[PDB]
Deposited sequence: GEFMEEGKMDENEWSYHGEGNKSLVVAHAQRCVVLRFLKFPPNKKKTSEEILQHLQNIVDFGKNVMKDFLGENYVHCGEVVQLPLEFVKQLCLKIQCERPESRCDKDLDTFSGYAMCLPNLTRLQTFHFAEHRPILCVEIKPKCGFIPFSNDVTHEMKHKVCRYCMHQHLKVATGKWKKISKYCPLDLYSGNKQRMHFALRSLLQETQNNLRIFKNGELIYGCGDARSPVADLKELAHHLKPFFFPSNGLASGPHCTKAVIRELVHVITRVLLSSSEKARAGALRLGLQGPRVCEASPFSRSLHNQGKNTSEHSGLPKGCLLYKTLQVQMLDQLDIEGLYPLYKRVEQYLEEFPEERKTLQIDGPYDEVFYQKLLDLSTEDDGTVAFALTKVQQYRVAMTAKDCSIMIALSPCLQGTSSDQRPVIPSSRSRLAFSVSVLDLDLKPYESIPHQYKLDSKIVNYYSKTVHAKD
């Protein structure tokens, strides 16, 4: 049975909220809505996240790297009881959207920050690892600077964050250890929503560098005096070594997309290992072959069709089920347009999957002891992907509108 005080606030984006259970190693992921959906709509929506996880993302990213635990039902009093308790924990910016309190459904997943031994967990939101290559783009700046580094200017000017991050995803997504070190230092300096650190299921950093060292010193140095620089450097190196870790150097990927350059970004102040999670993530991100500029015309062709034929929306699995036939249709990587709805639709569904891979999080576990990297302790490590719900069909015009603004505003600033 469910107890209000046994669950604690863990985190949120702007689609969902997560609460971790103090005893068992599980979390519950709840949806979020404004004060202004049906119970059935939520059930399918939540079940679509599991189907998409099982039937699409386990193929692209691997069975062991993905965990999308089943949908679960709860009593409506418990959800209310929990909601009010936690309201103070939530940061004030997220509080526009309220918690899913009326449905009584949520998604139960394993807590990737918890599992007598201690545990250190680093969560990263790496963002898009390539600079767009497509001839459909009408701004030449998009071929030079990454989305992330461009986007940074508008976010700081808007007052989202205090200053521009030096993190460029192409530094992290390169194979080069020196570039990967610089990227991780840059995330440590200016965390934003791209870095978080947990110790025994407790957040300890990215919503002070010397305060981090207090917490991390027991791990890497379980007596010699070790300064902050020493502690933070070994965190950077171990993590770099976990991101360069691959268990599948030989096998052929489901997506064999080629990295069309450039591999260095201008805004940033011999490639990834074949089986590593960062490589595999980058491959599913590259399903965006056309760019939004690009893809948006093909969105209109599909919309035009669906407005003519409303019944076919369910028929063509636009909002699921995200099943084996859905997966199979993503494998047509041909970029030659034949003016057909089928072509446009294929590219639209591929673009949504790429959007999902561009906004996903990577959770790295570390525990002192299977799979082990070199360190001044002896650490057993695990890797996971988080935040793999398919991005909606309806947001594609928003991506087109936003992309224009990011590039134009950057082009003004430079």
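A.B. asks: Missing C-alpha coordinates: which residue stretches of the deposited sequence does that apply to?
C.D. replies: The deposited sequence has unmodelled segments at 1 to 7, 44 to 45, 125 to 131, 224 to 231, 247 to 251, 299 to 313, 414 to 422, 468 to 471.
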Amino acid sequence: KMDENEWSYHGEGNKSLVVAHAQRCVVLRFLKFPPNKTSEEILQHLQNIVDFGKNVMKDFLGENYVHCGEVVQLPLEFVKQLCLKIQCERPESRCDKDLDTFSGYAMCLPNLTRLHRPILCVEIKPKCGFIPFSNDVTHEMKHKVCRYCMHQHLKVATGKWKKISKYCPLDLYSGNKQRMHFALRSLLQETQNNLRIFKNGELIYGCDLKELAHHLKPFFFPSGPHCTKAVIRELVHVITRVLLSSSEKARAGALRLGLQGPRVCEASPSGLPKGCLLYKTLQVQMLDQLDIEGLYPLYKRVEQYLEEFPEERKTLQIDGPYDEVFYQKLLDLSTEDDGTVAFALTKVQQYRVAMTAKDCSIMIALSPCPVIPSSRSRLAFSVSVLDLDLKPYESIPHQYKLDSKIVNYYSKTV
From here on, numbers count along this sequence of modelled residues.
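A.B. asks: If you average the CA temperature factors over each stretch, which comes out higher, 233 to 241 or 81 to 89?
C.D. replies: Taking the mean C-alpha B-factor of 233 to 241 and of 81 to 89, the larger value falls to 81 to 89.
A.B. asks: Between 166 to 174 and 72 to 80, point out the one with the higher average CA B-factor as the PDB entry records it.
C.D. replies: Higher of the two, by average CA B-factor, is 72 to 80.
A.B. asks: Per the entry, which of 99, 154, 316, 298 tops the list for Cα B factor?
C.D. replies: Comparing C-alpha B-factors across 99, 154, 316, 298, the maximum falls on 99.
A.B. asks: In the PDB entry, which of 42, 49, 362, 357 has its C-alpha at the highest B-factor?
C.D. replies: In this record, 42 carries the highest C-alpha B-factor of the candidates.
A.B. asks: Which third of the chain does residue 384 land in by C-alpha B-factor: lowest, middle or highest?
C.D. replies: According to the entry, residue 384 has a C-alpha B-factor in the chain's middle third.
A.B. asks: For residue 66, does the deposited CA B-factor place it in the lowest, middle or highest third of the chain?
C.D. replies: Ranked within chain, residue 66 CA B lands in the middle tercile.
A.B. asks: Ranking every modelled residue in this chain by its Cα temperature factor as given in the entry, which third contains residue 270?
C.D. replies: Highest third, going by the recorded CA B-factors of the chain.
A.B. asks: Of the three thirds of its chain by CA temperature factor, lowest, middle or highest, which one includes residue 353?
C.D. replies: Lowest third.
A.B. asks: Consider only the C-alpha atoms of the modelled residues in this chain, order them by B-factor as the entry records it, and name the third containing residue 391: lowest, middle or highest.
C.D. replies: It falls in the bottom third of the chain.
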